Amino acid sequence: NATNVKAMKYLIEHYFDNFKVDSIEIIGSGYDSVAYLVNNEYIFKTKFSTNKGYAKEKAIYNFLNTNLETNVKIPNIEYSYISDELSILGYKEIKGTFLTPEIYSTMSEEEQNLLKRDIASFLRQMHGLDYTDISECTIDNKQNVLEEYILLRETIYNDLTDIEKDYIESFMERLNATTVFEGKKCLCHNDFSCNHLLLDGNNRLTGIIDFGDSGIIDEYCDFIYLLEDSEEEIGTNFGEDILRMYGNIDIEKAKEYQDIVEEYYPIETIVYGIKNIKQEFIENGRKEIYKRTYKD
C-alpha cells in the first residue's frame, strides 16, 4: 500500500524534472494500471508493460482538446512519459461528483432530462468530428472477435466442455448473421459508463474521463453502457431517452449491439486470460458461461 505510492512518487519526480509531490494517494485502479491523485490537484494514470499503451490515449486527448467545442471538461495532458516498460499521463483533476444510480434517483425529472441532453449533446459533438487527423485510431470490433476466436482455436478450445463450445459457437453464429457492424463509424469514447461521467453542483454534466479505449468504431459503441440494465448503470430507459435526444440512429440496433457485446463478455474474459497468461480469468469466463446457460 504505502510502498506503491513511494515508488510512484519517485517515478513522477524523476521523469518530470521540476515536479514536486507534496501528497499522493491511490484514487483508482484497473487490472493493468493504477491511478493517483497528486497534490490534491493532478491525476496521474500509470501502467507498466501490458499488451500496449498510453500513447493512443494521449494522442486522443491531444486531438480532442484541439478539435472539440464543448463546455464539458476532459483530461488535458500536461505530463507524459511513455516507454515500453512504463507509461505515465498527468493532467489536472476535473472536479465533480461521479454519476451513479443513487444520485440519479434523487434528481427531479427536469434535472434528469437536462443531464440526458447534456450527454446526447456531447456524444453528438464527438461523433460528428472530422477524425482524419486521428485516423490511425481505427478499431474493427468484428474482426477483433474473429481474431480472438482464432486464438481460442489455437490454444484452449479443444479442452473446453461441450456446453462452453456451444456457447461460443452460438455466439459466432450470431456474429455472422448480425448487421450491426455495417453502420456509421465515428470517433467514440468506447467506455462510456456512468463511472466516467462527472456532475457539477447542479447535477449537470461537467466532465468526462478515461478516453483510453477511444477510437473510430461503430457509432452504436457509445450507448452500450447507457443501455445496460445493471446495478452499476442507470437503466435501459436512460439510454433509450438519450438515443432519442441524440437522434438519427436506429435504437433497436443499438440495443442489438449492446446485447451482442453482453453475450461476448465471458469469451472476452477468457481471451484476456489467455493473452495475459492468467488462468483465473479463463476460469471466471468459463464459469460465467455456465451461469448464463442455466439462468432463467
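Start at 1 and count along the sequence shown; that's the residue number. Under this definition, the rigid core comprises the largest set of C-alpha atoms superposing within 1.5 Å between the forms.
RMS Cα deviation from the shown model in 7 other deposited structures of this protein, rigid core fit, is larger for 153-161 than for the other stretch of the pair 153-161 / 120-128. Once the rigid core is used to overlay the structures in 7 other deposited structures of this protein, the stretch among 277-285 and 11-19 whose CA atoms lie farther from this form is 277-285. For residue 51, the record comparison shows coordinates absent in at least a third of the other entries of this protein that model its neighbours. A chain break between residue 52 and residue 53 is present, corresponding to 1 to 3 residues of the deposited sequence without coordinates.
Two stretches are in play, 256-264 and 44-52, and the higher mean C-alpha B-factor belongs to 44-52. The PDB entry reports B-factors from which the mean C-alpha value can be compared for 190-198 and 136-144; the larger average falls on 136-144. Of the candidates 112, 87, 121, 71, the PDB record gives 71 the highest C-alpha temperature factor.
Sort the modelled residues of the chain by CA B factor and residue 206 lands in the lowest third. In the PDB entry, a CA B factor belonging to the highest third of its chain's modelled residues is recorded for residue 105. Sort the modelled residues of the chain by CA B factor and residue 27 lands in the highest third. When the modelled residues of the chain are ordered by C-alpha B-factor, residue 218 sits in the lowest third. Split the chain's modelled residues into thirds by C-alpha temperature factor. Residue 158 is in the highest one.
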